[PDB]
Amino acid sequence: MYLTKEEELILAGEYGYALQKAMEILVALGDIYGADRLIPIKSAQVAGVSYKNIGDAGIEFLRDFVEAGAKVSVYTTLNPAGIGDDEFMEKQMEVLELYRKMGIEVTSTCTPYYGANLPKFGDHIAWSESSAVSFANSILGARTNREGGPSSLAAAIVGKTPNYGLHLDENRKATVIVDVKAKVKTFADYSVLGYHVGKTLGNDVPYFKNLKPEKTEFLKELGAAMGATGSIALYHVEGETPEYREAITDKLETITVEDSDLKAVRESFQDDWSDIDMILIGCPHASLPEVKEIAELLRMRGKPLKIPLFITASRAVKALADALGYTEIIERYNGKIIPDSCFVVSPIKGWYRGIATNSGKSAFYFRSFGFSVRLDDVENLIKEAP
């Protein structure tokens, strides 16, 4: 990878240890993957925030930067924190303060594009959080690799990322066609479609046919699920995503998704209500329409839930929910909007044994952690819950 004279000086340490540590990560990556140069990025999104995920070793890694006075040189937003007991939260506050000290916007949400950091079509950025990578590449047509937490941080500090991978036109072409014969209409339908496709494909850029989502949040969930059971960073949907019309430049194979594929996932996430002690909506963090939907479903139920419902969402969405009166409605029925946080990355083993959700990403992770899981559309969960 070519470096400018200024970048060579940064690598050499002429501008201090913090920039040099970040540059060393970016140079290693660009050299591995054959990047011609570093390109500037318009923003970063940094994952690796919950103390459960990064531990004391993660705190040490960040303190190494912070003690050298590290500061991000581009606009940078931040993924959500975990929730836990007093000892956990003390550690969790330590992490957030380390990120704050580097000049990052402590937004604590996996949906920064809801008011904090919205990439434009064609923008080169360096984002981790796999569902936000998928959203930015696929739904908005921005350009980012599936960054590791630390490589997004390194890019934020240098203000540049290596020019390889999804930054290049040729790596944004479809590699396979997915013909969705299955009936896919609801949020939870898209959850299990993404669950299936992520683990069926490899490192692919799928082109979806016969898929007409009513709501953007359906594609948000599709990308989130495929980035959990698989490694999908970019996909195309015919008529629905901005890069679809030049996505196919080769003769490609077609896989088809049938009802039987989706039934299999649904039937494996159907633990009994007697094993569920919370409902979780908002993985990735809920949009304001998602919050509105739940307020309406709770008022139609007309009696409070006897297990708690939690809606994880961005600060922006939480504030809109407060201002428009949805928060008060939802709390009337034993629901709560939890800003800034994520339950999947929280050590809640001893607090909850079973989670009902409409999110395929949450269902996948909670199952792999040993929880009971019921996956269903939120209207069914709210109607049937105790």
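Don't overthink the numbering: it's just position in the shown sequence, from 1.
K.L.:
Could you settle it for me: does 253 to 261 or 137 to 145 have the higher average Cα B factor in the PDB entry?
P.N.:
The entry gives the higher C-alpha B-factor average to 253 to 261.
K.L.:
Going by the B-factors listed in the PDB entry, is the mean over the C-alpha atoms higher for 274 to 282 or for 218 to 226?
P.N.:
Between 274 to 282 and 218 to 226, it is 274 to 282.
K.L.:
For the C-alpha B-factor as written in the entry, point me to the maximum among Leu305, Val74, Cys110, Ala316.
P.N.:
If I rank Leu305, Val74, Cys110, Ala316 by C-alpha B-factor, first place goes to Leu305.
K.L.:
Ordered by C-alpha B-factor within the chain, which third holds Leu375? Give me lowest, middle or highest, please.
P.N.:
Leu375: CA B-factor falls in the middle third of its chain.
K.L.:
Rank-wise, by C-alpha B-factor, drop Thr327 into the lowest, middle or highest third of its chain.
P.N.:
As the PDB entry reports it, the C-alpha B-factor of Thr327 lands in the middle third of its chain.
K.L.:
Of the three thirds of its chain by CA temperature factor, lowest, middle or highest, which one includes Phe187?
P.N.:
Middle third by C-alpha B-factor.
K.L.:
Once the chain's modelled residues are ordered by C-alpha B factor and cut into thirds, is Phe121 in the lowest, middle or highest one?
P.N.:
Answer is lowest: the recorded C-alpha B-factor places it there.
K.L.:
Within this chain's modelled residues, let me know which third the CA B factor of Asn334 belongs to: lowest, middle or highest.
P.N.:
Top third by C-alpha B-factor.
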